[PDB]
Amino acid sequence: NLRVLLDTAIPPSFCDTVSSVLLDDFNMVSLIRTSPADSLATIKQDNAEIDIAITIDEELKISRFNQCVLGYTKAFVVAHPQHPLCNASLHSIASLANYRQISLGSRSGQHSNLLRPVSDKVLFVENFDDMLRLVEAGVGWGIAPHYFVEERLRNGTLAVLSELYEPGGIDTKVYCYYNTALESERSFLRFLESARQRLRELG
C-alpha cells in the first residue's frame, strides 16, 4: 500500500502518468492533492505516512526523505487586464511588491523562500481557484500554474505580467520527495523513468 502526494501546481494530466505505472508494481496507490504551500509541511508529519511527494516547493533536506527532479512546469504572474500593471507599469516588473498579492496560505502559517509572498499587501487563499477568482475581480495579482490560466488568457479574463521577467512563462522545477526505503527497488526507478518522459512531453 503506497501514499503519493501531488501539489495542485502539478498538471492533473501528469497525475495519470504515474498512476498507470505505479499500479503495475503496487496493489494500492493513494493519490493526495495539497497546496504547494502544504506539500513539504505534510510529509514532515510521520503520522501522514507519505511515501512520495510531487511538489514545486524546495527544501534543503527532510528526515527519511531523498529529493530528485521529475521535470519542469510553467507559471505566470496574472492580473485583471485593467490592472495598473498591465502595460502602464508592466516594464516596471518590481512594482509587484507595491500592489496586493493573492498568495497561497499555508496551514503551518509559514512559507518557503519559493512560495513566501513578495508584496506587503497579501491576501491568503487555500487553492489556485480562490486565487484566480479574486484576481479576475481585480482584487490583486497572483502566480498560478499554466494549466489554471490557459483558458482565462485565451478568454482575455486574465492578462500575463511575467513575460519580460521570464519569456515563455516562469520555469519551475518539479521535485520528487521519496521515502529513503524506495531507493533500491526497480519499481520506483520504473516510475521515475516514465514520470520523467511523461512530464518531458507535456512542455
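Each residue number is its position in the shown sequence, starting from 1.
The deposited model assigns a higher average Cα B-factor to 180-188 than to the other stretch when 180-188 and 6-14 are compared.
Taking the PDB entry as given, 57-65 carries the higher mean Cα B factor of the two stretches 32-40 and 57-65. Ranked by Cα temperature factor within the chain, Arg152 sits in the middle third according to the deposited record.
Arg100 sits in the middle third of its chain by CA B factor, as recorded in the PDB entry. Looking at the C-alpha B-factors along this chain, the one for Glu163 belongs to the middle third. When the modelled residues of the chain are ordered by their C-alpha B factor, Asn113 lands in the lowest third. In the deposited entry, the Cα temperature factor of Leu90 places it in the highest third of its chain's modelled residues.
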